[PDB]
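First, one chain by itself in structure tokens, the form deposited in one PDB entry.
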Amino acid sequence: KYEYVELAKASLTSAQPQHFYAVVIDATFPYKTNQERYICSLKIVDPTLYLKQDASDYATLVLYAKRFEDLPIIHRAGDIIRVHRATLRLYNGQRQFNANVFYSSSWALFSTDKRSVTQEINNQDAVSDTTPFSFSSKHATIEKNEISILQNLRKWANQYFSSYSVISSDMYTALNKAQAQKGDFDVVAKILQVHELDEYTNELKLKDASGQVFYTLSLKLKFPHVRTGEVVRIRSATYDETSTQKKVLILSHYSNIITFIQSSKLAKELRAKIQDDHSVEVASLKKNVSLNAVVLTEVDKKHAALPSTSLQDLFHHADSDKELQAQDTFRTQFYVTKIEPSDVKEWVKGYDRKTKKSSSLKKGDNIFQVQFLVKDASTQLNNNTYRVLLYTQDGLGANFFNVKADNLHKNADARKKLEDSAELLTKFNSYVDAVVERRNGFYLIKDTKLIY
């Protein structure tokens, strides 16, 4: 039987192991300190300790372990953690709870929202509202009397996050003032874009309330929950003074990227206030070489929720994988290495609806017949290039270039705009975000259009 105490009521004198339920509002990633020690530092809150008189008040929790796997990975703020056998002491004025997981202490994480982060990523349903989505040791036990504690704390957590910022202005620094910091700092920003730099790394394009844009590397394995349009808190970032071409934040092994529970007032306001910025892209288009990525296209709103499929799966597994075989419409990202036919003037051909044949626009029903040769992160090292078609005879991708089909041999205006788009598409660091439809072994672009 375990007796759970509230943060503010825990004993500072009795150095005896105490147990409690609390809401996590901040946490480092579990990190190693030497050869046999791992640590995770987090800030916790509850009905008796959550607000200084305005800024958010809190207690600290430090978990010590001998293995990485024995520590909790906090992907989201607002979830609940349960700790057993923690020793409380005062550390520089704050109530610090310490727990040696490598000995007799244990922890368990409970989802405040319907699903846990991982469950949201894998589209899984929670076993029950009383099941921990993660915990230390081989087992975890929740008694009947704990249910009310958990249900009441969740209700309180949502009230807290919906009526308070929780992560107050004193817990992070404005991006446009980052360069003035002597060391590391925290940030709260919206993810404007997630660029797949390579096999193991994502590049996040961030923008906070100050309007400044910054880029940062985010390992795919470490932070698999990063999503465009979402707000996150970054624990421990540093300003990169060696980056001249663009504003870059450097993260450390202990750094963490944390999202917010649905009820978060802060995340809701920032999600709406912070709007997409393309200033970096527009400026880079004036340089011969852009170290900044530029996504040239935008997919139709109805596909915004559709997951993306790599070129590796699209061309190498699409005829063998069960899941990919049952699908005919996919979303993918890639960069164009070359566009055929070479002569931009031949991009538009005359099409005969009856004989299913096309000819040089020296005659016919005008349509686009463009063949892009692409490549991506998943196929970066191989010796291949992949064909992606823009054959608009049936309407698919008819407005891709924002130029209606016309005889490019006669219409100088259209030819010029297409030629400019050609150079942009084949330019280094230019990428395409598009939806495709598989037909007779080929993928045709559709419901996709240039935004530059």
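In this text, rigid core is short for the largest set of C-alphas that superpose within 1.5 Å between two forms. In case it trips you up, residue 1 is the first one in the sequence shown, and so on.
What comes next is about the form deposited in another entry, which is not displayed.
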message: Quick check on the comparison between the shown form and the other one: with the core aligned, only one of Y172, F102, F315, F135 should show a Cα shift of at least 2 Å. Which one is it?
response: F315
message: My question is whether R353 is one of the residues whose C-alpha shifts by 2 Å or more between the shown form and the other one, given a fit on the rigid core.
response: yes
message: Please determine whether the C-alpha atom of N384 is displaced by 2 Å or more between the shown form and the other one following superposition on the rigid core.
response: yes
Is_shifted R85 between the shown form and the other one (CA, 2 Å cut-off, rigid core): no
- prompt: So the C-alpha spacing of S308 and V231 changes by 3 Å or more in the other entry; is that change toward closer or farther than shown?
  reply: closer
- prompt: Are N429 and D208 closer or farther apart at their Cα atoms in the other entry than shown, with the shift being 3 Å or more?
  reply: farther
